[PDB]
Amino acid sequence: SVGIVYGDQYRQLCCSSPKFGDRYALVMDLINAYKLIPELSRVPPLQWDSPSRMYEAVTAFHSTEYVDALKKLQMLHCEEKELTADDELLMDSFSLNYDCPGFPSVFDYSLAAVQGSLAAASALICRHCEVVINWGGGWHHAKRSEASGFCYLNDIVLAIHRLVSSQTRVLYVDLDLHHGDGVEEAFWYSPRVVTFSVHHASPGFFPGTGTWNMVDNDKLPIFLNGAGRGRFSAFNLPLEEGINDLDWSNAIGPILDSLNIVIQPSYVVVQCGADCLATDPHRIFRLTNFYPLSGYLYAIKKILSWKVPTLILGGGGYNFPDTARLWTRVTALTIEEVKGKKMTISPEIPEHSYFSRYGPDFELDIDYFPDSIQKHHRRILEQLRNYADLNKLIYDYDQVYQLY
């Protein structure tokens, strides 16, 4: 069965932030408008028996000082008076400012994503669901003691921790426009959680990592890829702007297949940030949600074909209607692949709460008309072999080679 995280309180909290506003409501309501909810298993967000238990859970990754500061940020933003100079300095020291501002619900909002992704992980662990979706989660940039890119708590890292602690190996796949730095860092030293991010990278583009390592020497630059026992276990594919569905699919396809073959993961966690869409305000990549093929749908279908318990998460995407259009198709596709039953989504957006937001055409398709990679493939193939050799993994080097 395919599970999805939702709930009345969950929805309210996920819609309480200034940056993402009511995005989660549009997503879930569009899924509902397409009559998909009865096909899905409702997974309630996790709750804790006490403040201490909650704190224990979140500090499994985050520092106590950082969690304390994030809690204080909420309290301060629920008061009339301005922050003191000392409190400003404190918040700045955790990057709780700039693109990670405070707001009255900042702690509750951030924690909600954690509640949802932990619950999703548990439903996979006890085998209640074969796949679980959490469109309220996917906050890949949050660090141990730093907020980053409107990510305050890293629900992904905490969920993966739960999965690995349930030998267990986890494959993390980050499809967002931006490098999955927080998750990559969290597992930099662990061979058990392999991370793979495909993203745009270019000078001055956030967050700046996931590409060639810039250092003071004249040698050709190279990629960092993990450390200690985690050497070779962090994979990255930076792509130039403008890439379309087909080229993006061909770029990541062989990599995904080779990773599954070599790693043989017990769980897959996929971050499906929707900011690669051609209609995203970034205007960097040109992916679509087309399903006659959308790069996103191509990747998800491939991952699902592995029949490995899978967690599907959200992430970036500041065009709310088109993010909803994409995730609705991802959800329908997941039902179809898992349950082996056909879904017939009307090409026309059905009347519902937010119908008006889908102008002007009101169709399910987004309103859009559509050497380096070979070098990356060779590099990645070499890294995969290196990872396998270091971890004494069994597999056919030629079969994997033939994938590319």
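Just count from 1 along the sequence shown to find any residue number.
- Coordinates for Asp275 are present in every one of the other compared entries of this protein that model residues on both sides of it, well short of the third needed to count it as often missing.
- Modelled in this chain, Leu220 is nonetheless absent from a third or more of the other compared entries whose models extend past it on both sides.
- In the deposited entry, the stretch joining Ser166 to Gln167 is interrupted by 4 to 9 residues of the deposited sequence lacking coordinates.
- In terms of unmodelled positions of the deposited sequence, the chain runs continuously from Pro203 to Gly204 in this entry.
- Higher mean CA temperature factor between 103 to 111 and 305 to 313: 305 to 313, per the PDB entry.
- Per the PDB record, of the two stretches 10 to 18 and 383 to 391, 383 to 391 carries the greater mean B-factor over its C-alpha atoms.
- You'll see in the entry that, of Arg192, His199, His282, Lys71, the Cα B factor peaks at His282.
- Among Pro238, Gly228, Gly182, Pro207, the highest C-alpha B-factor in the deposited entry belongs to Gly228.
- Residue-level temperature factors show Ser233 in the lowest third of its chain, judged at the C-alpha atom.
- In the PDB entry, a CA B factor belonging to the middle third of its chain's modelled residues is recorded for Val2.
- In this PDB entry, the Cα temperature factor of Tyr55 sits in the bottom third of its chain's modelled residues, the lowest group.
- Residue-level temperature factors show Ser258 in the highest third of its chain, judged at the C-alpha atom.
- Looking at the C-alpha B-factors along this chain, the one for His161 belongs to the middle third.
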